[PDB]
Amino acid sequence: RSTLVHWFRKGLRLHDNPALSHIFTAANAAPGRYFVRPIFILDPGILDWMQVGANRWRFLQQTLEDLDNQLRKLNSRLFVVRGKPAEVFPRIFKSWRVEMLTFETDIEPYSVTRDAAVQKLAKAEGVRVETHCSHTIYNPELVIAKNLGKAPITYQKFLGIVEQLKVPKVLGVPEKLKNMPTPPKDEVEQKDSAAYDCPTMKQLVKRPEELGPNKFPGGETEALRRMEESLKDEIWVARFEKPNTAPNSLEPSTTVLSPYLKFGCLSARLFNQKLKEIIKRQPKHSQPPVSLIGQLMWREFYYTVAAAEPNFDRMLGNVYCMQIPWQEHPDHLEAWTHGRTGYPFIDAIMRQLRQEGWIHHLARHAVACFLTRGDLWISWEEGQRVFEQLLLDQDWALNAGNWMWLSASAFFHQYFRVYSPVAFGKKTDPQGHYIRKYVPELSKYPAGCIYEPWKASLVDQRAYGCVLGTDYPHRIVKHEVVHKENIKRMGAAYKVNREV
């Protein structure tokens, strides 16, 4: 008896999962011949390549637990294998007598390298590998081909391409396993009945004092519930305009499906199909790019450009990226990282980010403009790295693409438009309720200066019980000075890159 193995990495879901579905149908169309091992590999190697913060570790823990629970309902289970894939797969290929391996493809460079090696091993041992592109709606390889070998570098051009492509068939959940025994314990399982169980919170989360509020539980079950909750107001969905949603409402102004899509707890193909059903129903609706479907297409766009460039997450060697002489300022980077800039709106966002692991799109705009071309003149690569640690939705291509946009390094070139760290949040939150919540030390400042506490006299600062320089920092830069200097720096960068 040989085993069929599905390998979860992303695609942490049962629904709309062709790679996992195929494994399950095969076992049921040939009972008695196959064992089924759906595995996730706790790969130590990823930690040398990316930073994971406490909150995102908790999201994965909750996700793996839900995926185990969901598989049990199909008379299977999740097998979480500790160790490096390069060492893990030669062993299990033999100890399990693996006939077929399936997994959802990914475009990240670490994923490509790792998968190429695993496919070289599987070819050696006579293991059949079947891979499926289901993490994105469209296959970036097919988009690039249809555009004659180059990723479209504007959104509109991208949309004109994918409109001519076939939308994939969205699958349901696999059928339960008919009369399948629990595979026999292997070398590892015999010396430890729990060697493959889902990791506890204590095993994944080493810095539990950094966990924030548990607001967005991981797992396919929660993703599907939140998706259904979001689609309940069909008018809100159909008439959604991303630029008009507030960055500083106390409750999120968008779906917060991003962590779920990032891990594949939610199929973006399923979500796209649910959105198209509502739009068909609602004749007055918004259109890309501002619509909710447009938001899914931004994800597809950044995946397509990123698939073409292995250096997508850095400035050097990145075909898309303007070469800009970013400066090193450790003390300013530290203040931004920890929300101690002295600009209450910026600091509020970075504290929401650290505590909760999600901030609104235009909140990301605000703090990203501030760190880079706006105020501090620090590389977007430094902001990407903080975002990588703290975001639940941390996504290699999306973090990089948007950081390049926000820094005027690619895709976006109107760098003379600069967000004010004082005025920007006032439009949607004139009272500063958001600031009061996430910078509570300012909670007694009135609306007239809560965005600009340095406009309060010392006497008043003492009255509000928050003296700048003691209880809340002084501004680390003066926006009105630096952003003008930085516009001139950007123009000189643009000239140098234009001449080369």
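We call the rigid core whatever largest set of C-alpha positions still superposes within 1.5 Å between the two forms. Numbers for residues come from their place in the sequence shown, where the first is 1.
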Core-superposed comparison in 9 other deposited structures of this protein: bigger Cα RMS shift among 42 to 50 and 466 to 474 is in 42 to 50
Report the stretch with the higher mean CA temperature factor, choosing between 112 to 120 and 386 to 394 on the basis of the entry. 112 to 120
Quick note on 363 to 371 and 155 to 163: per-entry mean CA temperature factor is higher in 155 to 163
Looking at the C-alpha B-factor values in the deposited entry, which of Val319, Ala400, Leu101, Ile235 comes out highest? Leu101
Residue set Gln355, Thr182, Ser253, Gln282, per-entry CA B-factor max assigned to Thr182
Third assignment of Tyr451 from its chain's C-alpha B-factors: middle
Should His332 be placed in the lowest, middle or highest third of its chain by the C-alpha B factor in the entry? middle
Entry-reported Cα temperature factor of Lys10, expressed as the chain third it lands in: lowest
Among the modelled residues of its chain, the C-alpha B-factor of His433 falls in the third labelled middle
Looking at the C-alpha B-factor of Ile487, is it in the lowest, middle or highest third of its chain? lowest
